[PDB]
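S.K.: from the sequence below, what's the structure:
(chains A and B, ligands or ions: 8)
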Amino acid sequence: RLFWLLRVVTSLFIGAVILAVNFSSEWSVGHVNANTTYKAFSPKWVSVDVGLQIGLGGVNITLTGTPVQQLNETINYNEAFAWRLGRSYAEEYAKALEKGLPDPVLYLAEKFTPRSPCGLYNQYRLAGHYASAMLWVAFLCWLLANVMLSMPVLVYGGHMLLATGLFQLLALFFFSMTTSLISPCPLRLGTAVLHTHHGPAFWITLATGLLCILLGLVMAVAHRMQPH
Amino acid sequence: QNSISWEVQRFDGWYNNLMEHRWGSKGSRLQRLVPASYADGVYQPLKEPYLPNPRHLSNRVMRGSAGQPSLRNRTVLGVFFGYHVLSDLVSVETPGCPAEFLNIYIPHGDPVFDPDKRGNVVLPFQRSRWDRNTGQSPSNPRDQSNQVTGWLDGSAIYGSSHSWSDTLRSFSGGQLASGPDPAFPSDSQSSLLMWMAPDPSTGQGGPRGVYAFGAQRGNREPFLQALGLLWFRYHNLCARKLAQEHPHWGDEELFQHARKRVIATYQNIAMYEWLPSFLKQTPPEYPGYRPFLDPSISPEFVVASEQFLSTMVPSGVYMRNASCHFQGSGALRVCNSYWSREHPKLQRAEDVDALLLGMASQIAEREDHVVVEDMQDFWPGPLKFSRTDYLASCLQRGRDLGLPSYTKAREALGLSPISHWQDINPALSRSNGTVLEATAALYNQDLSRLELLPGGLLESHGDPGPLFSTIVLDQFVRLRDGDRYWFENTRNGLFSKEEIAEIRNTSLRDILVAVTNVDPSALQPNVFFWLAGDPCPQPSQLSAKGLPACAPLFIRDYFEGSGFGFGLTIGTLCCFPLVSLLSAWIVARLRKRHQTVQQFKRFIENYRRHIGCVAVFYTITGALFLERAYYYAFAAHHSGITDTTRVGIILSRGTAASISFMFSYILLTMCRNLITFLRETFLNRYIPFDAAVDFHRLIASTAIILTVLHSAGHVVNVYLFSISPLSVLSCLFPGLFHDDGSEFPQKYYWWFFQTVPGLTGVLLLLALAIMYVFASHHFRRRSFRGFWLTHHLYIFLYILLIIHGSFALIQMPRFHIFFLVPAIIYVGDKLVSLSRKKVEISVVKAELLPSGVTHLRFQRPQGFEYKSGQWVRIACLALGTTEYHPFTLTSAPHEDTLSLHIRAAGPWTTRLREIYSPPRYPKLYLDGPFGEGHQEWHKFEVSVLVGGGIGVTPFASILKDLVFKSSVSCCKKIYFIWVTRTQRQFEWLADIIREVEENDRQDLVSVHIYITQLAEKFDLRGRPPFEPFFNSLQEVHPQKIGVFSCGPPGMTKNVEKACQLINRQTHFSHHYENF
Ligand SMILES: *[C@@H]1O[C@H](CO)[C@@H](O[C@@H]2O[C@H](CO)[C@@H](O[C@@H]3O[C@H](CO[C@H]4O[C@H](CO)[C@@H](O)[C@H](O[C@H]5O[C@H](CO)[C@@H](O)[C@H](O)[C@@H]5O)[C@@H]4O)[C@@H](O)[C@H](O)[C@@H]3O)[C@H](O)[C@H]2NC(C)=O)[C@H](O)[C@H]1NC(C)=O
Ligand SMILES: Cc1cc2nc3c(=O)[nH]c(=O)nc-3n(C[C@H](O)[C@H](O)[C@H](O)COP(=O)(O)OP(=O)(O)OC[C@H]3O[C@@H](n4cnc5c(N)ncnc54)[C@H](O)[C@@H]3O)c2cc1C
Ligand code: HEM
Ligand code: HEM
Ligand SMILES: *[C@@H]1O[C@H](CO)[C@@H](O)[C@H](O)[C@H]1NC(C)=O
Ligand SMILES: *[C@@H]1O[C@H](CO)[C@@H](O)[C@H](O)[C@H]1NC(C)=O
Ligand SMILES: *[C@@H]1O[C@H](CO)[C@@H](O)[C@H](O)[C@H]1NC(C)=O
Ligand SMILES: *[C@@H]1O[C@H](CO)[C@@H](O)[C@H](O)[C@H]1NC(C)=O
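M.R.: Numbering: from 1, shown residues only, chains lettered A, B, ... in the order given. Ligands and ions are numbered 1, 2, ... in the order given. And now the structure:
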């Protein structure tokens, strides 16, 4: 019964990676270790490691001191500013600015605010909206590829595996048309720069899309020319 | 870690005072000196019935010559350095919008704006940004918000934020990014950064020639660009000097040190150099930093400072080089230089230095009510008009903001009261005071109404009036004494004692000498004054004589050339049906290669459930449409988008929900397994499940009508958008549009073929036209495969219909709310109908009978076990497609070679009769029985089988099987009663009645016939009296008796009434079976 366990493993892995990637904030990942200013009313410079993570629905900005306790305070921050149709970015930025959290986090949050010169908000609010809708479409197709394989219509259960594998690479494109503009915008942090490159979720979606596109095709060709 | 041993000053302004982190910030709100003076009390501005007309007030008092010299010899570099400084502090010019205008109304026959006496002409004017948390009750009226850092912190050189101070920096040392020329900044940062207004003299609105400064609009005059370039080059100079004296320093260290030095020099110059010259009295002194003073910009400061600086701008500005040869007539006119992109003279650093050395020697105009014509008549128009009165827009802004009057705002500052009009300016009325009379006549001799611009300008003799002077002075003292990063603050740790004593000895001559590399003896010690001993005198006072005239007016026409293209695009959209019609036509040609009351009563009797269903469906759709349209028209809607597009937006937003619902449930209609299960339940007695295709076509037609309405509404919308300014469009669809002053909206074809909704809407129109024309009655009878090939577009349709709402243009997507349940059910039923398979019956024999019926008989597959009264659905592929049509079997189960009786009633049936004509070769695709096979007449001693109309189809099988089983096995006296109108198509049924009568010798089945058709018949060669029937039935034999009935609603209702009226006293179950 090895082949049955293999089929169950493949189906469950594909479903799990679709679900996890649609809700993961790791599509674009940058990281750097800079020397920045901690916060207002103090002339003291700190040593921290700063990095942002963009996930189709908002950004995570993490400020963590290399010594977590270096200025009598513990430095471990992880703030989230979301721009999806449900929420608003400017109100979140205003509340964060009224709170008083450290300056580099406020800066990296400002880079994505609406009407900023860099214009990084309206191409992340729509690309991350379409690449999160073409990943809810590649789920209803995976469910149908799970059903049509249970009650054998495999001749038609090998096309849902060309639709799921295509609707993933049709969403790995909307989030591919954004690094074209995030590259010119500067992200200088004190004496260091910040390079944001494609992260785990992107490569995982690429691998899963390729796997489904190939598996559906091979199984369809086989069960067509040889229903063994 | 480095040499930045201080707290770097933020760009936005926050966190400057410890207690209140918000006082001087990017979007703070202006703090009034006097309670708001709106019309209603909250946000309504005073207007023309109450206060005189702005364009008629400007003409009467603020109009005159342009050759008057200043009384204190203030050089025009002072005027424009003031224009520069007062853009570091306050900016209330950008219109924040839920788009709301208050226009200027020109009088009749204005020689400049209404030259041909065209009745009344309107100058547009828009309200500015307001604080969203104010303007809702007379306790807190609306307050505006300035969009620049309200400190004197060089918020005009380095921008007022941090993402802004990056887009104009090079990170190559501490330096602001220059262009190919080291002297000028980089024009290459033009979009998304600066203000682009079309040069009103030519019309060019391109991003070439728009430099990158820290003030969004510093390119408004070459004379303001001159000071912008001066400060830019000074920053670069001091920074490169720092680099050549501290080589190992980074980029940030150089930038921050040069920035703090430039900011300190700027503050020193501005305060202690410009104020003692603007109003001729020195700021008092510097006490300790006061952490409690309120440094909030007031609107009266805006009025005083800027709308008084506008009183002394000259007509033309001179130009001279180091030895002052005033050529580079050469005095470039002002009214032709607004927003100049590339000026043929100011194309090199030497020319900018010449412009500065010429401004620093030209005595600006005098300080009184008279304003030159280069601002009064020829100020660049904000929208649609290319020209605009300045002083008639400054009054509209003073009444836009809640500015006080001149007598109300003269007693809230401790100043004495004025008696009458002659006492406003006592020295003015001593010589030609016929302007105070002209302005009293305008105000109906009512002194307590002066809008505080004509009241302030009328009191200023040689200096600003006693009213403007106190406002400017105390505002600047509050700016300096409430600032933590003030260069004279010894607590902030920015500069030492000698670095403060060195910054406090810097004049504007030192900066000009350092930047322009000019000998210090070619200028004057105080650049803001020319005092009869300073070098390089003026040639002659510059009157507006001998200067090039001002470029005349022209109205701007959006939607001017692209009207024919718009009409052609609409005509092409409308001729989508014609292209599909032609394609299907060539496809066909290629494939060929007192009594009326009773009539209405019978009709309403038959068609009750159909009327109920149609009424409920159309009620629901109309309710959705009415909800949306009512919510939009006059209801709880933020009236941002609904100004003149009420009709279009109402139409579109009302039809959208209705068509989404109609499409989702027209998908629901075509699911046949659920219908096959449901039509054998009590639901059928309330809704008819045999009219699903008619309901389908009805829904389709209604949906196409509503879709045409939707598309027409959106076409009207797209037209009304292509003529709206950018300032209006930029707050209907925020995020999609941005308001740089270019003001030209996107063309129609941008909305149509370059947006997701428009493009997918055109695609959906094409797909709908194809699918609707190929599905016509006169185009599916010809080719069943044409019909079958196009209709698979509905998946493409339901893909597009998700992309059509995938945007935040008007509202949130709601189609996916409607589409879930019907699509889930339909996909489930498709999987159910696609799992089971049965195919390939062989037709044994098929004779052709009259009246249309075609007796068909095919072999019985081995596994085929079925009951009496079950139908099968068959398809012949020889002619057309694999279209499954249902037919009730007419053979007893004990008999092999299952039979059928098919009645010619349309395309498929006539084609099938043509196929099996000439008596049987083709083979069908029988799809098994579909029924419950209710055999409940075994539980009743005596049954009464009643069939009417079309419902007499399975009774042949029923009776044959019943007599066979009664004979073989060895249900008492079952009776069959069938009432028909014409007895036309059912003659084979009479043959079967005869064959059953002949077979039965035990006298079980007794048939009875009622033909019920009078006076209209062919003689064919009464009524079914159920009332005495049951009375005699129980009498003749003492049997519970079943009276199962199948037929039209009239007959079954009649037999129901009969059996119920006669039941009350056996059982008489009356179990109406729909086969
Ligand atoms: C993307 O970001 C979101 C939002 O942060 C993440 O979701 C949150 O996940 C955390 C982790 O479990 C949940 O728990 C919260 O975390 C709090 C973190 O506290 C730090 O930050 C505080 C402000 O945010 C800060 O006050 C504090 O230090 C400061 O104050 C101290 C005094 O209290 C002072 O001594 C220090 O020197 C310093 O000045 C902390 O450093 C934690 O405190 C709480 O337990 C809290 O529950 C959150 O609930 C989650 N968010 C929500 C809205 O529920 C998300 O995981 C991120 N994405 C990924 C992929 O990780
Ligand atoms: C002996 C006999 C038994 C029949 N038994 C049944 C039955 O048990 N159940 C049943 O639903 N129909 C039954 N029908 C109707 C028969 O299916 C239609 O005449 C035929 O399927 C379609 O006719 P057409 O396509 O040639 O003409 P069309 O012009 O396509 O016929 C138009 C009419 O037929 C109806 N119709 C079309 N397709 C279907 C379909 N797939 N299902 C139902 N109605 C349709 C439409 O509502 C429309 O009013 C029976 C017909 C005959 C002659
Ligand atoms: C007037 C236009 C239309 C007509 C005349 C029409 C007619 C029909 C007919 C006759 C059928 C199938 C009949 C059969 O089963 O033999 C059909 C099937 C269908 N039509 Fe339409 N239809 C029309 C418009 C639409 C529209 C707009 C839709 C859009 C959703 C649509 C969706 C369907 C669907 C979903 C089927 C299902 C067929 C199947 O898969 O079994 N139809 N239509
Ligand atoms: C000129 C062609 C059309 C234009 C310009 C157009 C434009 C629009 C726009 C702007 C919306 C709302 C935008 C959004 O928020 O997503 C909309 C919604 C919609 N349009 Fe169109 N449309 C057009 C044609 C059609 C056609 C032919 C259909 C028929 C299906 C159609 C069906 C819809 C539907 C169902 C919505 C529902 C919106 C929703 O999802 O709630 N439109 N259309
Ligand atoms: C960061 O600061 C530490 C503090 O000692 C210093 O040693 C280090 O060189 C600095 N590095 C950078 C990249 O600024
Ligand atoms: C200034 O302009 C005069 C005009 O002829 C010219 O002769 C002179 O060379 C210019 N430059 C100076 C004086 O430095
Ligand atoms: C300092 O005093 C005055 C103030 O402007 C100035 O005239 C003088 O030249 C300055 N002394 C210098 C710069 O050595
Ligand atoms: C102002 O400039 C004119 C220009 O020649 C000069 O005659 C006059 O004396 C100057 N004013 C004073 C007070 O010196």
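S.K.: burial count for the closest residue to ligand 2 within the stretch 901-1050 of chain B?
M.R.: At 2.2 Å from ligand 2, residue B:906 is the closest residue in the stretch 901-1050 of chain B, using C-beta to the nearest ligand atom. Quick note: C-beta positions are derived from backbone N, CA and C, even for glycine. Using other C-beta atoms under 10 Å in any protein chain shown as the criterion, residue B:906 is surrounded by 12 other residues.
S.K.: check residue B:837 too.
M.R.: For residue B:837, the neighbour count with other C-beta under 10 Å is 9.
S.K.: nearest the geometric middle of chain B, what residue?
M.R.: What sits nearest the mean C-alpha location of chain B, by C-alpha atoms, centre = their mean, is residue B:809, with 3.6 Å.
S.K.: residues touching that one, list them.
M.R.: The neighbours of residue B:809, taking C-beta atoms under 8 Å, 6 or more residues apart in numbering or on different chains as the test, are B:733, B:736, B:757.
S.K.: three-state assignment of it?
M.R.: Taken by DSSP: H, G, I helix; E, B strand; the rest coil, the conformation at residue B:809 corresponds to coil.
S.K.: and it, how close does it get to residue A:121?
M.R.: As judged by C-beta to C-beta, to the nearest Å, residue B:809 and residue A:121 stand 17 Å apart.
S.K.: just residue B:166 next, same as before
M.R.: From residue B:166 to residue A:121 the distance is 16 Å (C-beta to C-beta).
S.K.: what segments of chain A are strands?
M.R.: For chain A, strands defined by DSSP state E occupy the ranges A:28-29, A:32-37, A:45-54, A:59-69, A:74-81, A:197-198.
S.K.: help me confirm that residue B:267 is found in a helix?
M.R.: Yes: assessed by three-state DSSP, residue B:267 belongs to a helix.
S.K.: is it true that it touches residue B:486?
M.R.: Yes: look at residue B:267 against residue B:486 with C-beta atoms under 8 Å: they come within range, at 6.8 Å.
S.K.: between the two, which contacts overlap?
M.R.: residue B:480.
S.K.: contact partners for residue A:42?
M.R.: Residue A:42 makes contacts with A:71, B:7, as judged by C-beta under 8 Å, 6+ apart.
S.K.: who are the contact partners of residue A:81?
M.R.: Contacts of residue A:81 by C-beta under 8 Å, 6+ apart are A:58, A:59, A:61, A:89, A:92, A:93, A:96, A:109, A:112.
S.K.: thinking again about what came up before, so can I have CSV of the strands of chain A showing distance to residue A:148?
M.R.: Shown next, in CSV, are the strands of chain A (distance: least, C-beta to C-beta, whole Å):
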stretch, distance to residue A:148
strand A:28-29, 35
strand A:32-37, 48
strand A:45-54, 36
strand A:59-69, 38
strand A:74-81, 39
strand A:197-198, 33
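S.K.: tell me which of those strands approaches ligand 5 most closely.
M.R.: Per C-beta to the nearest ligand atom, nearest to ligand 5 of those: strand A:32-37, 3.7 Å.
S.K.: ok, now which ones touch residue A:198?
M.R.: Shown in contact with residue A:198 (C-beta under 8 Å, 6+ apart): A:27, A:28, A:29, A:179.
S.K.: for ligand 6, see how far away the residue of the stretch 901-1050 of chain B closest to ligand 2 is.
M.R.: 99 Å (C-beta to the nearest ligand atom, to the nearest Å).
S.K.: for residue B:710, same thing?
M.R.: Taken as C-beta to the nearest ligand atom, the span from residue B:710 to ligand 6 is 70 Å.
S.K.: same check, this time on residue B:15
M.R.: When C-beta to the nearest ligand atom is applied, the distance between residue B:15 and ligand 6 equals 49 Å.
S.K.: can you get me a residue count around the closest residue to that residue other than its chain neighbours?
M.R.: Excluding the flanking residues, the one nearest residue B:15 by C-beta to C-beta, 6 or more residues apart in numbering or on different chains is residue A:40, at 3.8 Å. If you count neighbours by other C-beta under 10 Å, residue A:40 ends up with 17.
S.K.: my guess is residue A:40 contacts residue B:7. True?
M.R.: Yes: Residue A:40 is within contact range of residue B:7, at 7.4 Å (criterion: C-beta under 8 Å).
S.K.: neighbouring strands - and their directions - for the strand ranked longest in chain B?
M.R.: The single longest strand within chain B, with elements called by DSSP E, is strand B:942-948. With DSSP bridges as the test, strand B:942-948 is paired with strand B:975-979 (parallel), strand B:1041-1042 (parallel), strand B:1045-1046 (parallel).
S.K.: export those strands as JSON lines, with columns for mean neighbour count.
M.R.: Shown next, in JSON lines, are these (neighbours: other C-beta atoms under 10 Å in any protein chain shown):
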{"stretch": "strand B:975-979", "mean neighbour count": "21"}
{"stretch": "strand B:1041-1042", "mean neighbour count": "23"}
{"stretch": "strand B:1045-1046", "mean neighbour count": "24"}
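S.K.: do stretch B:673-683 and ligand 3 come into contact?
M.R.: No: using C-beta under 6 Å from any ligand atom, stretch B:673-683 stays clear of ligand 3, with a minimum separation of 11.1 Å.
S.K.: buried residues in that stretch?
M.R.: Residues B:673, B:675, B:676, B:679, B:680 are the ones in stretch B:673-683 that count as buried (16 or more other C-beta atoms under 10 Å in any protein chain shown).
S.K.: list the contacts for the residue of the stretch 901-1050 of chain B closest to ligand 2?
M.R.: Shown in contact with residue B:906 (C-beta under 8 Å, 6+ apart): residue B:781.
S.K.: likewise for residue B:860?
M.R.: Residues near residue B:860 by C-beta under 8 Å, 6+ apart: B:896, B:897, B:898.
S.K.: could you identify which of the residues you listed has the most neighbours?
M.R.: The most crowded member of these, judged by other C-beta under 10 Å, is residue B:898 (24 neighbours).
S.K.: gap between that residue and residue B:858?
M.R.: From residue B:898 to residue B:858 the distance is 6 Å (C-beta to C-beta).
S.K.: ok, now residue A:76?
M.R.: From residue A:76 to residue B:858 the distance is 79 Å (C-beta to C-beta).
S.K.: which one's more surrounded, the two?
M.R.: For residue A:76 and residue B:858, the more surrounded residue by other C-beta under 10 Å is residue B:858, and the numbers stand at 21 against 10.
S.K.: tell me the secondary structure for residue B:1052?
M.R.: Per three-state DSSP, the local secondary structure of residue B:1052 is helix.
S.K.: now do the contacts for the nearest residue to it once chain neighbours are set aside.
M.R.: Leaving aside its chain neighbours, residue B:1052 sits nearest to residue B:1045 (5.2 Å; criterion: C-beta to C-beta, 6+ apart). Applying C-beta under 8 Å, 6+ apart, we find residue B:1045 in contact with B:946, B:947, B:948, B:1051, B:1052, B:1055, B:1070, B:1072, B:1073.
S.K.: separation between residue B:1045 and ligand 8?
M.R.: Note on residue B:1045: its distance to ligand 8, by C-beta to the nearest ligand atom, is 118 Å.
S.K.: then residue B:81?
M.R.: Residue B:81 is 19 Å from ligand 8, by C-beta to the nearest ligand atom.
S.K.: next: residue B:875.
M.R.: For residue B:875, the distance to ligand 8 (C-beta to the nearest ligand atom) stands at 106 Å.
S.K.: would you confirm that that residue contacts residue B:884?
M.R.: Yes: with contacts counted by C-beta under 8 Å, residue B:875 reaches residue B:884, the gap being 5.1 Å.
S.K.: which of the two has more neighbours?
M.R.: Between residue B:875 and residue B:884, counting by other C-beta under 10 Å, residue B:875 is the more crowded of the two (17 against 13).
S.K.: now do the contacts for the more buried one.
M.R.: By C-beta under 8 Å, 6+ apart, the neighbours of residue B:875 are B:881, B:882, B:883, B:884, B:885, B:924, B:925.
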